[PDB]
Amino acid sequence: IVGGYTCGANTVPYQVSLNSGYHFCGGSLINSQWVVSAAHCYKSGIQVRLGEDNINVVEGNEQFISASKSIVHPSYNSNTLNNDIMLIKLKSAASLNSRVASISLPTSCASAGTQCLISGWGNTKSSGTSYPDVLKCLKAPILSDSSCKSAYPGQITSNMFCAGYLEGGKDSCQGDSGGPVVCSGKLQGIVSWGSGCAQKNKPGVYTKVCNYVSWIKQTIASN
């Protein structure tokens, strides 16, 4: 997160870190046994880490649980990042508490202007590199589909939306991949891609989760 603030310990209790020896992606806990992340986060040897603030310090609210199954979207295209969504089933159900909580799926798509909370352990610098160990948060508006497609001609699908600031300075970055975009208690977005980070006229592109709610519920009910 570039130009955000320290969330505060366990203030985003639905935020997970995907760990393969190191944090490599964020994700959202949607029930005791299932995480939503990005398809581009896909890999084997995933441990889901819940109740985390400093990912380098054991602070005592952690739950570490192995993925048993990863389901990348049937239509995920890695060339274009269309349908950049993946489900992860835990080997065992998480113990749900004040620090380890599920976030509701959208009943409907959000519109432009809707304010949203974006969170992650990603890069905090728009030039060079700095990785925080504590969860960073950013308040960002959903942008018009028109200004999104103008920012990234030919690259924005109806399965994508832009959020952030065209003036730049505030954005997600690498390490926030697969993480949450929450608007009015609903998970509407997944950190997917962008040209650089917090750059002028290069807003964050997010997977449009409202498009995936039937596939998510159906897949969870069959798995």
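C-alpha atoms forming the largest set that superposes within 1.5 Å between two forms make up the rigid core. One-based numbering along the sequence shown.
> Rigid core superposed, root mean square over structures and residues, which stretch has C-alphas farther from this form in 8 other deposited structures of this protein, 129-137 or 94-102?
The more displaced stretch in 8 other deposited structures of this protein turns out to be 129-137.
> Comparing 17-25 with 198-206, which has the greater mean CA B-factor as deposited?
Higher of the two, by average CA B-factor, is 198-206.
> Mean C-alpha B factor from the entry: is it higher for 78-86 or for 146-154?
The entry gives the higher C-alpha B-factor average to 146-154.
> Report the option among 118, 109, 71, 101 whose CA atom has the maximum B-factor in the deposited record.
Comparing C-alpha B-factors across 118, 109, 71, 101, the top value belongs to 101.
> Looking at the C-alpha B-factor values in the deposited entry, which of 51, 169, 175, 180 comes out highest?
Most elevated C-alpha B-factor of the set, per the entry: 169.
> Would you mind checking where the Cα B-factor of residue 37 ranks among the modelled residues of its chain, as the lowest, middle or highest third?
Bottom third by C-alpha B-factor.
> What third of the chain does residue 161 rank in for C-alpha temperature factor, lowest, middle or highest?
For residue 161, whose C-alpha B-factor we compare with every modelled residue in the chain, the answer is the lowest third.
> C-alpha B factor of residue 44, ranked within the chain: lowest, middle or highest third?
Ranked within chain, residue 44 CA B lands in the highest tercile.
> Name the third of the chain's ranked CA B-factors that contains residue 61, choosing lowest, middle or highest.
Highest third of the chain for residue 61's C-alpha B-factor.
> Could you look up the Cα B-factor of residue 10 in the entry and say which third of the chain it sits in: lowest, middle or highest?
Its C-alpha B-factor belongs to the highest third of this chain's values.
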